[PDB]
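Encoded as structure tokens, the structure appears first; notes follow it.
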Amino acid sequence: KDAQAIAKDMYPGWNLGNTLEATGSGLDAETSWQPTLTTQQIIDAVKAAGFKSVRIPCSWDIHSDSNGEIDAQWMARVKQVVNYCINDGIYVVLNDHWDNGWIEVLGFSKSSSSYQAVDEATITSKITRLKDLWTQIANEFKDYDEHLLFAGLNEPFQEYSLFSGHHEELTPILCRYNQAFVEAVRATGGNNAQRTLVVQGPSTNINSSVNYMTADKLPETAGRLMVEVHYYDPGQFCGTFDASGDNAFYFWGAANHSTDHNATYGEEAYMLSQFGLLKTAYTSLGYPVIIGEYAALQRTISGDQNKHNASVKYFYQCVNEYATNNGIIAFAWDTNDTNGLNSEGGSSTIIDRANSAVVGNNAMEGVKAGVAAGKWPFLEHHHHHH
Ligand SMILES: OC[C@H]1O[C@@H](O[C@H]2[C@@H](OC[C@H]3O[C@@H](O[C@H]4[C@H](O)[C@@H](O)[C@@H](O)O[C@@H]4CO)[C@H](O)[C@@H](O)[C@@H]3O[C@@H]3O[C@H](CO[C@H]4OC[C@@H](O)[C@H](O)[C@H]4O)[C@@H](O[C@@H]4O[C@H](CO[C@H]5OC[C@@H](O)[C@H](O)[C@H]5O)[C@@H](O)[C@H](O)[C@H]4O)[C@H](O)[C@H]3O)OC[C@@H](O)[C@@H]2O)[C@H](O)[C@@H](O)[C@H]1O
Ligand SMILES: OC[C@H]1O[C@@H](O)[C@H](O)[C@@H](O)[C@@H]1O[C@@H]1O[C@H](CO[C@H]2OC[C@@H](O)[C@H](O)[C@H]2O)[C@@H](O[C@@H]2O[C@H](CO[C@H]3OC[C@@H](O)[C@H](O)[C@H]3O)[C@@H](O)[C@H](O)[C@H]2O)[C@H](O)[C@H]1O
């Protein structure tokens, strides 16, 4: 099955966040940034909630020896986790995540403390390391069917203090890295030649992607390729900045404004406009898009808790409705922080992994409602049964 054929069956998505991407050196990294060892039962609960795909952020460079070889015991554990999903018919998007910045930062600056432009020696060295890693991953997973997708990077040059204002300059470098990932995977043949691969836009940012990373710059023609962006607007509601205290947003959507802490931008029309840009640039050209991460903070607040809860629901509804309508699959960012739900600061957690159950009910009702209201667009060249 090709990218269009799988895409229509992939929504909605969910992330195994703060799990296999944690930057620890051992298997114990899995429970370093969140408490719960992954099990089949937990994945079963993700499926039972209604998710059809799981993005598995994963670190690999941090799990490698000095010769670049990925620890065999780490590889085997990642495979077990992937298998929990495949056992359930869940689509998996397996990435190489921030991974201590080895390419996400140092592929684009020679310094982590200030912007220092990279040169050809840097770029070619990062290409080779990227291909090394992805050769190892691809070969381990070669006999996996179309349920397994690979995503080469995470959020290339997203680090604002280093890279803001350098997107035009850096996007050609990212194109080279995306191409190197695809080349390495495809070379391993077998199911890897037919697998759908996911390449990331500049800073996983919609505006920069549709500007600088037009479809003609992608490493393959349409068929077995998707494009990934992330979506965290407005940050004070979603949790990326100024997201607690007086600047925070608790209420989102006009129907949901209250006494204070109202969103002042980034509401439904903004979201729809942004997702439309992705339709124009990518999905209308046969490249399905994944919103590989999105979230809203579910909080406990002193003010109108019902209106906050409704805002969380409505945000998840809008993301998933509008994504579906535009040929986009959205993946909820979920780090298994149940405690934060019981504070003003909030949490984006939906699944209480320790109890294999949904705890973020507003968010999850919103996911379900949004997917039900959406209408996936089909881009076909032959008849399908439908
Ligand atoms: O050790 C990590 C390293 O991180 C660098 O930052 C990069 C790294 O961020 C990790 C956060 O990821 C974020 O999701 C990303 C997502 O991966 C991206 O794709 C993109 O979308 O952006 C988002 C946002 O950055 C997660 O949502 C976020 O939780 C991750 O943060 C790590 O969280 C661990 C778990 O704690 C969190 O959830 C549990 C809650 O109860 C906590 O409230 C909440 O913080 C943290 O591990 C825990 O660490 C504490 C000790 O640290 C704490 O106290 C000292 C402070 O300095 C620390 O900031 C604070 O966290 C332990 O006691 C506990 O046992 C342990 O579980 C972990 O520290 C934290 O980083 O990857 C994404 C990149 O974009 C980031 O640049 C930092 O730059 C580097 O300095 C270093 O911290
Ligand atoms: O009623 C207000 C307040 O009154 C005090 O007198 C009392 O001590 C407080 O408990 C109470 O605050 C609510 O507390 C409940 C939990 O209550 C139990 O534990 C504490 C005891 O003191 C109570 O007697 C017990 O019944 C909170 O409910 C929990 O809320 C979380 C988080 O909810 C949010 O995130 C998930 C989302 O789906 C929700 O809609 C959203 O509100 C839930 O996961 C949990 O199931 C639920 O028990 C309540 O939020 C406090 O206001």
Side-chain angles (χ1 to χ4, degrees), residues 3 60-61 93 95-135 138 149-187 196-231 274 277-293 328:
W60 299 103
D61 188 62
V93 181
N95 84 3
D96 181 31
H97 205 67
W98 172 72
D99 198 356
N100 205 46
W102 80 271
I103 197 170
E104 190 169 290
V105 176
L106 295 175
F108 300 103
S109 182
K110 296 189 175 186
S111 173
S112 292
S113 62
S114 70
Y115 178 72
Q116 300 298 329
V118 297
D119 62 17
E120 200 58 16
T122 299
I123 298 168
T124 60
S125 292
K126 294 291 174 182
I127 286 171
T128 298
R129 179 59 177 151
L130 189 64
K131 289 200 169 188
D132 172 19
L133 286 169
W134 277 107
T135 298
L149 296 78
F150 301 148
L153 286 81
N154 174 46
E155 296 190 330
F157 57 89
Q158 72 82 36
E159 181 70 32
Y160 174 83
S161 58
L162 298 177
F163 300 123
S164 188
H166 293 284
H167 296 187
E168 184 173 2
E169 176 189 357
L170 299 175
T171 300
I173 302 173
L174 171 59
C175 288
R176 295 171 65 183
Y177 298 150
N178 284 338
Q179 179 183 60
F181 153 67
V182 166
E183 284 174 353
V185 172
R186 295 304 185 208
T196 288
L197 306 180
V198 186
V199 293
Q200 290 65 48
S203 190
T204 48
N205 176 269
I206 294 171
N207 289 336
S208 292
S209 294
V210 306
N211 187 354
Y212 307 124
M213 198 174 84
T214 55
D216 57 295
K217 290 180 179 169
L218 297 174
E220 296 195 331
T221 65
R224 301 181 187 284
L225 199 80
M226 298 188 183
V227 176
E228 178 168 10
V229 296
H230 295 174
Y231 189 79
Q274 285 280 284
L277 298 179
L278 295 167
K279 184 185 161 70
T280 301
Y282 303 123
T283 75
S284 69
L285 302 183
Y287 296 96
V289 167
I290 72 169
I291 290 170
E293 301 178 13
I328 302 164

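For the single chain, residues carry numbers from 1 onward in sequence order. Because only heavy atoms are used, hydrogens play no part in the values below, and waters and symmetry mates are left out as well, while side chains stay in.
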For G286 and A222, the nearest pair of non-hydrogen atoms, with its separation, is O-CB, 3.5 Å

Could you tell me if the side chain of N211 sits less than 4.5 Å from the side chain of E168, heavy atoms only? no

Side chain proximity check, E155 to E293, heavy atoms < 4.5 angstrom: yes

Heavy-atom closest pair (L162 atom, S111 atom, distance to 0.1 Å) is CD1-O, 4.2 Å

With a 4.5 Å cut-off on side-chain heavy atoms, are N178 and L174 touching? yes

If you measure from CZ on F163 to CG on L170, what distance do you get to the nearest 0.5 Å? 6.5 Å

Taking the side chain as every heavy atom from C-beta outward, state whether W134 and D96 have any pair of such atoms under 4.5 Å apart. yes

Please lay out, stage by stage, how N154 and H230 fare under the test side chain to side chain contact (heavy atoms under 4.5 Å, CB included). CA-CA 9 Å; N154 174 46; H230 295 174; 3.2 Å; yes

Answer yes or no: is there a side-chain heavy-atom contact under 4.5 Å between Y282 and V210? yes

Looking at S109 and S114, what are the two nearest heavy atoms and their distance? OG-O, 3.1 Å

State, to 0.1 Å, how close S284 and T280 come at their nearest heavy-atom pair, and which atoms those are. OG-O, 3.1 Å

Shortest non-hydrogen contact from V105 toward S112: CG1-OG, 4.1 Å

Spacing of OG1 belonging to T122 relative to CD1 belonging to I103, to within rounding of 0.5 Å: 11.0 Å

Enter the distance from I123:CD1 to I173:CD1 here, rounded to the nearest 0.5 Å. 4.0 Å

Using atom types as modelled and distance alone, determine if a side-chain donor or acceptor of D99 lies under 3.5 Å from a backbone N or O of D61. yes

Between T128 (side chain) and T124 (backbone), is there a donor-acceptor pair under 3.5 Å? yes

Any chance you could measure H97, atom NE2, to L153, atom CG, to the nearest 0.5 Å? 11.0 Å

Is the centre of the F157 ring less than 6.0 Å from the centre of the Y115 ring? no

Checking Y287 side chain against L218 main chain: does a donor-acceptor pair fall under 3.5 Å? no

In this structure, SG of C175 is separated from CE of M213 (nearest 0.5 Å) by 6.0 Å

Which heavy atom of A151 sits nearest a heavy atom of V93, and at what distance? CB-CG1, 3.8 Å

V198 backbone acceptor or donor facing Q200 side chain under 3.5 Å: yes

For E228, is there any backbone N or O sitting under 3.5 Å from a side-chain donor or acceptor partner on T204? no

Evaluate the criterion side chain to side chain contact (heavy atoms under 4.5 Å, CB included) for residue pair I291 and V229; output intermediate values, then yes/no. CA-CA 5 Å; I291 290 170; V229 296; 4.2 Å; yes

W98 (side chain) donor-acceptor with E104 (main chain) under 3.5 angstrom: no

Under a plain distance cut-off of 3.5 Å, with no hydrogens placed, do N207 and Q274 share a side-chain donor-acceptor pair? yes

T196 vs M226 side-chain heavy atoms within contact, under 4.5 Å: yes

Given side chains that start at C-beta, do those of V199 and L225 come closer than 4.5 Å, heavy atoms only? yes

To the nearest 0.5 Å, what is the distance between CD on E183 and CD1 on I127? 8.0 Å

Between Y212 and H167, is the ring centroid distance below 6.0 Å? no

Sidechain-backbone polar pair: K126 side chain, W102 backbone, donor-acceptor under 3.5 Å: yes

For the pair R129 and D132, evaluate side chain to side chain contact (heavy atoms under 4.5 Å, CB included) and give the outcome as yes or no after the intermediate values. CA-CA 5 Å; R129 179 59 177 151; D132 172 19; 2.8 Å; yes

